[PDB]
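The numbers here are math on the coordinates, done by the rules we state, and not lab data. Virtual Cβ from ideal backbone geometry, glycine too; neighbours counted across all protein chains shown.
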Amino acid sequence: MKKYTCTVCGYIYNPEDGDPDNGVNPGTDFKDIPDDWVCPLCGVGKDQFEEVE
Amino acid sequence: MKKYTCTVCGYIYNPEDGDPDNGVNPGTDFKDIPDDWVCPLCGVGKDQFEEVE
Amino acid sequence: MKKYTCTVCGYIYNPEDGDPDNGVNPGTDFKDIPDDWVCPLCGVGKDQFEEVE
Ligand SMILES: [Zn+2]
Ligand SMILES: [Zn+2]
Ligand SMILES: [Zn+2]
């Protein structure tokens, strides 16, 4: 599974770690994160994220 | 996947569109929507919805 | 699927019933409950739960 980066602040979503404190369990692919989730550091929406190739 | 209608207000849940602003991604079957979700237009619970055959 | 117990208060999570009022549908294995969920009776985190063997 691929990492994704917040293109506003630089935060990296790592699927192995998830974002458990906001309800995103380890092993969740980015696409499957609920679409109302926001960057945990800066607060912007998922549409500001991009895949890290 | 089937559409579902709110039998109180008439809203249509379309699985191809989801309800992303409330965390329901495109491609989510109605049954798999978390059971605390409510109609985005009128606020009633899932138990007021019915399958559109 | 296994039941899990809150080791603080004694609540039992039964996967057949879920916890629908908090968005956990029937049939959800404990591991797949979002990791920000808390015991519905006492409020402690998932890390205070244990599998009932
Ligand atoms: Zn950010
Ligand atoms: Zn409605
Ligand atoms: Zn408890």
- Query: Are any of the pairs A:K31/C:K46; C:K2/C:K46; B:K3/B:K46; B:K3/B:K31 more than 20 Å apart by Cα-Cα distance, and if so, which?
  - Reply: A:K31/C:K46
- Query: Considering only the label points, 7 Å along Cα→Cβ from Cα, what distances in nm to one decimal separate A:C42 from the same position in each other copy, shortest first?
  - Reply: 4.2, 4.2
- Relative contact order [Cα under 8 Å, 6+ residues apart], chain B, whole percent: 42 percent
- Query: HN-Hα J couplings of the stretch C:7-23 from phi, Karplus 6.51/-1.76/1.60, θ = phi - 60°, integer Hz, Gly and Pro as x?
  - Reply: 7, 8, 10, x, 3, 10, 7, 10, x, 5, 9, x, 9, x, 5, 10, x
- Query: Near the amide H of C:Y4, under 5 Å away, which other amide H atoms are found, from residues 5 or more places off or on another chain, if H is placed in the peptide plane?
  - Reply: C:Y13, C:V52
- Query: Taking amide hydrogens as modeled 1.01 Å from N in the peptide plane, which residues meet the under 5 Å criterion relative to C:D19, leaving out close sequence neighbours?
  - Reply: C:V24, C:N25
- Item | D (Stokes-Einstein, µm²/s), Kirkwood Cα radius, chain C, 1.567 mPa s at 4 °C | 120 µm²/s
- Message: Given points 7 Å out from each Cα along the Cα-Cβ axis, report the A:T7 to B:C9 separation in nanometres with one decimal.
- Response: 3.4 nm
- Item | Computed label-point distance, nm, for sites C:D29 and C:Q48 using a 7 Å Cα→Cβ extension | 2.6 nm
- Query: Hey, what do the phi angles of the stretch B:48-53 turn into as Karplus ³J(HN,Hα) couplings, whole Hz, using 6.51/-1.76/1.60 and θ = phi - 60°, x for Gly and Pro?
  - Reply: 8, 8, 9, 5, 9, 6
- Query: In whole Å, how far is the Cα centre of the stretch A:1-19 from that of chain B?
  - Reply: 29 Å
